[PDB]
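Structure file data-v8.txt with compact mmCIF, C-alpha atoms and all ligand atoms:
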# COMPACT_ATOMS: atom_id res chain seq x y z
CA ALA A 1 -67.09 50.20 -29.10
CA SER A 2 -64.14 51.14 -31.33
CA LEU A 3 -60.58 50.00 -32.08
CA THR A 4 -59.35 52.47 -29.47
CA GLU A 5 -61.91 51.76 -26.74
CA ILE A 6 -60.80 48.17 -27.14
CA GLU A 7 -57.27 49.19 -26.17
CA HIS A 8 -58.42 51.80 -23.65
CA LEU A 9 -60.26 49.22 -21.62
CA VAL A 10 -57.48 46.63 -21.40
CA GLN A 11 -55.14 49.36 -20.21
CA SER A 12 -57.85 50.41 -17.77
CA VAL A 13 -58.14 46.79 -16.58
CA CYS A 14 -54.40 46.44 -16.42
CA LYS A 15 -54.59 49.68 -14.45
CA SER A 16 -57.15 48.67 -11.82
CA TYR A 17 -55.45 45.33 -11.21
CA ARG A 18 -52.06 46.90 -10.68
CA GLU A 19 -53.55 48.94 -7.84
CA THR A 20 -55.10 45.74 -6.50
CA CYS A 21 -52.27 43.28 -7.19
CA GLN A 22 -52.08 42.94 -3.39
CA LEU A 23 -48.33 42.32 -3.34
CA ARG A 24 -45.34 43.56 -5.35
CA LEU A 25 -44.41 40.92 -7.93
CA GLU A 26 -41.04 42.65 -7.85
CA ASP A 27 -40.72 41.89 -4.14
CA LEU A 28 -42.35 38.47 -4.51
CA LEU A 29 -39.92 36.46 -6.65
CA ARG A 30 -36.93 38.14 -4.99
CA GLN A 31 -37.59 36.18 -1.78
CA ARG A 32 -36.69 32.76 -3.21
CA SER A 33 -33.93 31.56 -0.86
CA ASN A 34 -36.11 32.70 2.04
CA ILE A 35 -37.51 29.26 2.84
CA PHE A 36 -39.09 27.84 6.01
CA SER A 37 -37.12 25.25 8.01
CA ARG A 38 -38.10 21.83 9.39
CA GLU A 39 -38.50 22.98 13.02
CA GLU A 40 -40.61 26.03 12.17
CA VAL A 41 -42.41 23.74 9.77
CA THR A 42 -42.67 21.14 12.53
CA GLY A 43 -43.74 24.10 14.68
CA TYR A 44 -46.58 25.16 12.39
CA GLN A 45 -47.57 21.49 12.05
CA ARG A 46 -48.12 21.13 15.79
CA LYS A 47 -50.95 23.64 16.29
CA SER A 48 -54.53 22.33 16.46
CA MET A 49 -56.76 22.43 13.36
CA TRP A 50 -58.74 25.25 14.95
CA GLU A 51 -55.87 27.76 14.71
CA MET A 52 -54.71 27.41 11.11
CA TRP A 53 -58.20 27.48 9.56
CA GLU A 54 -58.63 30.87 11.22
CA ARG A 55 -55.09 32.02 10.32
CA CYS A 56 -55.94 31.14 6.73
CA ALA A 57 -59.13 33.17 6.92
CA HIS A 58 -57.04 36.23 7.87
CA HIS A 59 -54.77 36.13 4.83
CA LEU A 60 -57.87 35.03 2.96
CA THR A 61 -60.36 37.75 3.93
CA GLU A 62 -57.69 40.46 3.79
CA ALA A 63 -56.78 39.34 0.27
CA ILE A 64 -60.43 39.41 -0.76
CA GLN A 65 -60.62 43.07 0.31
CA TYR A 66 -58.39 43.85 -2.67
CA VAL A 67 -60.44 41.67 -5.03
CA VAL A 68 -63.57 43.75 -4.38
CA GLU A 69 -62.03 47.20 -4.80
CA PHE A 70 -60.59 45.85 -8.05
CA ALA A 71 -64.17 45.34 -9.28
CA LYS A 72 -65.03 49.00 -8.77
CA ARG A 73 -62.61 50.83 -11.14
CA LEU A 74 -64.13 48.86 -14.00
CA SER A 75 -66.52 50.53 -16.43
CA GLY A 76 -70.24 49.81 -16.18
CA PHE A 77 -69.75 48.21 -12.77
CA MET A 78 -70.51 51.50 -11.05
CA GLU A 79 -73.75 51.99 -12.96
CA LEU A 80 -75.01 48.60 -11.77
CA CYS A 81 -77.78 47.91 -9.25
CA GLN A 82 -77.29 47.30 -5.52
CA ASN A 83 -78.70 43.76 -5.52
CA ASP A 84 -76.77 42.77 -8.65
CA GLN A 85 -73.46 44.38 -7.66
CA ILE A 86 -73.17 41.82 -4.86
CA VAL A 87 -74.42 38.54 -6.40
CA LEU A 88 -71.37 38.25 -8.69
CA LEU A 89 -68.98 38.95 -5.83
CA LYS A 90 -70.64 36.33 -3.61
CA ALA A 91 -69.67 33.56 -6.01
CA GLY A 92 -66.89 35.28 -7.93
CA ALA A 93 -64.73 37.10 -5.37
CA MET A 94 -63.73 33.89 -3.61
CA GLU A 95 -62.55 32.27 -6.83
CA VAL A 96 -60.34 35.20 -7.82
CA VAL A 97 -58.37 35.05 -4.56
CA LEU A 98 -57.32 31.51 -5.40
CA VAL A 99 -56.31 32.63 -8.88
CA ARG A 100 -53.91 35.20 -7.46
CA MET A 101 -52.34 32.48 -5.32
CA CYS A 102 -50.47 31.23 -8.42
CA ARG A 103 -48.21 34.27 -8.15
CA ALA A 104 -47.13 33.04 -4.74
CA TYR A 105 -46.49 29.62 -6.30
CA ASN A 106 -43.10 28.20 -7.32
CA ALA A 107 -43.11 24.93 -9.25
CA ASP A 108 -39.35 24.59 -8.84
CA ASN A 109 -39.86 23.45 -5.25
CA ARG A 110 -43.63 22.91 -4.90
CA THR A 111 -44.14 25.65 -2.33
CA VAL A 112 -46.39 28.67 -1.74
CA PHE A 113 -45.63 31.97 0.00
CA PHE A 114 -47.14 32.29 3.49
CA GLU A 115 -46.55 34.61 6.43
CA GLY A 116 -43.25 36.02 5.20
CA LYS A 117 -41.89 32.83 3.60
CA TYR A 118 -42.45 30.01 1.12
CA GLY A 119 -43.68 26.60 2.32
CA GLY A 120 -44.79 23.22 0.98
CA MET A 121 -48.23 21.61 1.28
CA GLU A 122 -47.12 19.94 4.50
CA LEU A 123 -47.54 23.34 6.15
CA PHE A 124 -51.23 22.50 6.28
CA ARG A 125 -50.80 18.98 7.61
CA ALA A 126 -53.07 20.04 10.48
CA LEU A 127 -56.09 20.90 8.31
CA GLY A 128 -57.25 17.28 8.05
CA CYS A 129 -57.95 17.65 4.34
CA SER A 130 -54.63 17.01 2.61
CA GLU A 131 -56.56 16.07 -0.54
CA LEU A 132 -58.18 19.51 -0.55
CA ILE A 133 -54.96 21.48 -0.02
CA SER A 134 -53.15 19.39 -2.64
CA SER A 135 -55.77 19.96 -5.32
CA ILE A 136 -55.24 23.70 -4.82
CA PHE A 137 -51.50 23.22 -5.26
CA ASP A 138 -52.18 21.13 -8.37
CA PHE A 139 -54.38 23.97 -9.59
CA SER A 140 -51.57 26.48 -8.97
CA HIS A 141 -49.19 24.13 -10.78
CA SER A 142 -51.17 24.12 -14.02
CA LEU A 143 -51.21 27.93 -13.83
CA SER A 144 -47.48 28.05 -13.24
CA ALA A 145 -47.29 25.64 -16.18
CA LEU A 146 -48.93 28.42 -18.19
CA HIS A 147 -46.13 30.79 -17.20
CA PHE A 148 -48.83 33.39 -16.67
CA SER A 149 -48.41 37.16 -16.95
CA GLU A 150 -49.94 40.05 -15.02
CA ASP A 151 -51.99 41.54 -17.81
CA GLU A 152 -53.72 38.27 -18.64
CA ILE A 153 -54.47 37.74 -14.98
CA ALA A 154 -56.16 41.15 -14.88
CA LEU A 155 -58.18 40.08 -17.88
CA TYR A 156 -58.98 36.52 -16.77
CA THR A 157 -59.84 37.56 -13.21
CA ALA A 158 -62.18 40.23 -14.56
CA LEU A 159 -64.34 37.78 -16.52
CA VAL A 160 -64.66 35.54 -13.45
CA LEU A 161 -66.69 38.20 -11.66
CA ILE A 162 -68.55 39.49 -14.73
CA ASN A 163 -70.49 36.27 -15.20
CA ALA A 164 -73.94 37.39 -16.28
CA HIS A 165 -75.03 33.77 -15.85
CA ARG A 166 -74.54 33.88 -12.07
CA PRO A 167 -78.09 33.18 -10.79
CA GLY A 168 -80.01 35.79 -8.78
CA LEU A 169 -79.44 38.65 -11.23
CA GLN A 170 -82.13 41.22 -11.99
CA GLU A 171 -80.41 43.55 -14.45
CA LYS A 172 -79.14 40.84 -16.77
CA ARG A 173 -78.69 42.74 -20.05
CA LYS A 174 -76.41 45.48 -18.68
CA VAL A 175 -73.95 42.88 -17.37
CA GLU A 176 -73.77 40.86 -20.59
CA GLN A 177 -72.79 44.09 -22.29
CA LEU A 178 -69.97 44.54 -19.78
CA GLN A 179 -69.12 40.89 -20.37
CA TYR A 180 -69.08 41.20 -24.18
CA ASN A 181 -66.77 44.20 -24.08
CA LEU A 182 -64.69 42.18 -21.64
CA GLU A 183 -64.63 38.88 -23.50
CA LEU A 184 -63.49 40.86 -26.54
CA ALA A 185 -60.72 42.87 -24.89
CA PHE A 186 -59.12 39.73 -23.47
CA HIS A 187 -58.70 37.60 -26.59
CA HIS A 188 -58.11 40.74 -28.61
CA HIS A 189 -55.23 41.70 -26.33
CA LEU A 190 -54.12 38.07 -26.32
CA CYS A 191 -54.18 38.04 -30.12
CA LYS A 192 -52.18 41.25 -30.01
CA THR A 193 -49.75 39.24 -27.87
CA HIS A 194 -50.07 35.90 -29.72
CA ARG A 195 -50.93 34.11 -26.47
CA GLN A 196 -54.14 32.54 -27.77
CA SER A 197 -52.43 29.16 -27.50
CA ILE A 198 -52.94 29.00 -23.73
CA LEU A 199 -56.68 29.31 -24.15
CA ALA A 200 -56.89 25.53 -24.53
CA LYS A 201 -54.50 25.30 -21.59
CA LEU A 202 -57.05 26.99 -19.33
CA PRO A 203 -59.07 25.40 -16.48
CA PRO A 204 -62.58 24.19 -17.36
CA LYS A 205 -65.27 26.56 -16.13
CA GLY A 206 -66.55 24.14 -13.49
CA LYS A 207 -63.19 23.35 -11.90
CA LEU A 208 -62.38 26.64 -10.21
CA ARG A 209 -65.94 26.84 -8.91
CA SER A 210 -65.94 23.24 -7.67
CA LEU A 211 -62.61 24.13 -6.09
CA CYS A 212 -63.70 27.25 -4.22
CA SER A 213 -67.25 26.02 -3.58
CA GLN A 214 -66.22 22.76 -1.95
CA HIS A 215 -63.39 24.79 -0.42
CA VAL A 216 -65.49 27.27 1.56
CA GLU A 217 -67.96 24.62 2.76
CA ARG A 218 -65.38 22.97 5.00
CA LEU A 219 -64.49 26.48 6.13
CA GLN A 220 -68.14 27.24 6.91
CA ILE A 221 -67.50 25.45 10.21
CA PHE A 222 -66.09 28.52 11.93
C1 LIG B 301 -53.71 34.68 -2.32
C2 LIG B 301 -52.32 35.10 -1.86
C3 LIG B 301 -52.06 36.51 -2.35
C4 LIG B 301 -52.12 36.59 -3.87
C5 LIG B 301 -50.73 37.06 -1.83
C6 LIG B 301 -49.90 35.98 -1.15
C7 LIG B 301 -50.61 35.29 0.01
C8 LIG B 301 -50.56 36.20 1.22
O1 LIG B 301 -51.31 37.20 1.24
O2 LIG B 301 -49.80 35.89 2.16
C9 LIG B 301 -49.80 34.04 0.34
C10 LIG B 301 -50.50 33.06 1.27
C11 LIG B 301 -51.75 32.56 0.58
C12 LIG B 301 -51.38 31.93 -0.77
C13 LIG B 301 -52.62 33.79 0.36
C14 LIG B 301 -53.88 33.80 0.83
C15 LIG B 301 -54.71 32.53 0.87
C16 LIG B 301 -53.80 31.29 0.79
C17 LIG B 301 -54.56 29.99 1.15
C18 LIG B 301 -55.19 30.14 2.54
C19 LIG B 301 -55.69 29.76 0.18
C20 LIG B 301 -56.44 28.48 0.53
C21 LIG B 301 -55.56 27.23 0.51
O3 LIG B 301 -56.25 26.16 1.17
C22 LIG B 301 -54.18 27.39 1.16
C23 LIG B 301 -54.26 26.93 2.62
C24 LIG B 301 -53.25 26.41 0.45
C25 LIG B 301 -53.59 28.81 1.01
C26 LIG B 301 -52.41 29.05 1.93
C27 LIG B 301 -51.59 30.23 1.42
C28 LIG B 301 -52.42 31.51 1.44
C29 LIG B 301 -52.41 31.95 2.92
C30 LIG B 301 -52.09 35.03 -0.33
Would you write out, as structure tokens, the structure that this file holds?
Ligand SMILES: C[C@H]1[C@H](C)CC[C@]2(C(=O)O)CC[C@]3(C)C(=CC[C@@H]4[C@@]5(C)CC[C@H](O)C(C)(C)[C@@H]5CC[C@]43C)[C@H]12
Amino acid sequence: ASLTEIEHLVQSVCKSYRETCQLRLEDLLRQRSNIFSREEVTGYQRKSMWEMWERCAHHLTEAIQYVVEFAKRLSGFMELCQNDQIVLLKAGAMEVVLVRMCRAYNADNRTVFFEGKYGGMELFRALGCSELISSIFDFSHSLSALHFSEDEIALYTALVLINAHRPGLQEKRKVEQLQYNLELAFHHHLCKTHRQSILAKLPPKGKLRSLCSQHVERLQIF
């Protein structure tokens, strides 16, 4: 690569993400005072466990649609094999969705956006795994504690998928090359932004996996 490709790619990554940022950040924060009420909350609480889990899967799956198309615009991804273009997504794509959830997270009230409004963890009282839900909130918290920006998201999220160490890969070299020119662009852009400090304030590599992995297993009931 070259000093300019280095820039060209970040911009290209900041490009692809913007198209796939699912929701307008602009519109997101604006809806602060729009908060659920006890009755509606008490309403949502009432439904059986069978309903919410599915309701979640809607917002979930639909969100993951964006995550995939994000992967495409990226260089070298297109010139990758059929078998190997999926393997990463299998593990990766789930994890990224959770990452984007931080945007819908406000630490000033411990709530997350959902179905038009913001709501606390008690909105999922009916899921029977309060511990699970909470850990996700605690994950979002740490990310909100990072005061994260769009263009680092685009760059973090990208490396999640491009893990050449995801087992089941056949064309292993080609991906590492994508990874190397991705690992570089991130830090490089971070160094250009002096945000290298948060790199020690980042989740361990096993946490987000252990989150999503153990997350989907309970879901693998439906
Ligand atoms: C990921 C974001 C997306 C960036 C845009 C906002 C989002 C949406 O599309 O509505 C808000 C709701 C959550 C956070 C979203 C989808 C999944 C989550 C999820 C179901 C994730 C799994 C968790 O267990 C939990 C139940 C806390 C959330 C609920 C909020 C939801 C349903 C969307």
Enclosing box along x, y and z for every listed atom of region 100-117 of chain A, padded 6 Å each side, centre and size in Å, one decimal, as JSON:
{"center_x": -46.6, "center_y": 29.5, "center_z": -1.4, "size_x": 26.6, "size_y": 25.1, "size_z": 27.7}
Nearest to ligand LIG 301 (chain B), chosen from A:121, A:221, A:200, A:49, with all atoms listed in the file counted in the distances:
A:121
From the list A:82, A:48, A:31, A:157, the nearest residue to residue 70 (chain A) using only C-alpha atoms is A:157
Please list as a list in words every residue within 9 Å of residue 132 (chain A), counting all atoms listed in the file and excluding residues in the same chain fewer than 5 positions away.
residues 137, 211, 214 and 215 of chain A
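The residues sitting within 6 Å of ligand LIG 301 (chain B), with only C-alpha atoms and all ligand atoms considered, come out as residues 23, 56, 59, 60, 63, 97, 98, 100, 101, 104, 113, 114, 115 and 133 of chain A.
Closest approach to residue 189 (chain A) from the set A:95, A:103, A:151, A:73 is made by A:151, with distances taken over all atoms listed in the file.
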Correct to one decimal, the distance CA of residue 192 (chain A)-CA of residue 96 (chain A) is 24.4 Å
What's the 12 Å shell around residue 186 (chain A), counting only C-alpha atoms, without same-chain residues fewer than 2 positions away, as a PyMOL selection string?
chain A and resi 6-7+9-11+13-14+151-159+179-184+188-196+199
Can you tell me, as number ranges by chain, what residues are no more than 9 Å from residue 175 (chain A) when counting all atoms listed in the file, ignoring any on the same chain fewer than 5 positions away?
A: 76-77, 80, 162-164, 180
Could you tell me how far CA of residue 94 (chain A) sits from CA of residue 172 (chain A), in Å to one decimal place?
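CA of residue 172 (chain A) sits 21.4 Å away from CA of residue 94 (chain A).
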Atom pair CA of residue 36 (chain A) / CA of residue 118 (chain A): separation (Å)
6.3 Å
From the options A:37, A:65, A:144, A:135, which residue's atoms come nearest to residue 207 (chain A), counting all atoms listed in the file?
A:135
Nearest to residue 123 (chain A), restricted to all atoms listed in the file and choosing among A:75, A:213, A:220, A:111, comes out as A:111
Looking at A:166, A:24, A:38, A:58, which one is nearest to residue 92 (chain A), with distances taken over all atoms listed in the file?
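Answer, going by the shortest atom-to-atom distance: A:166.
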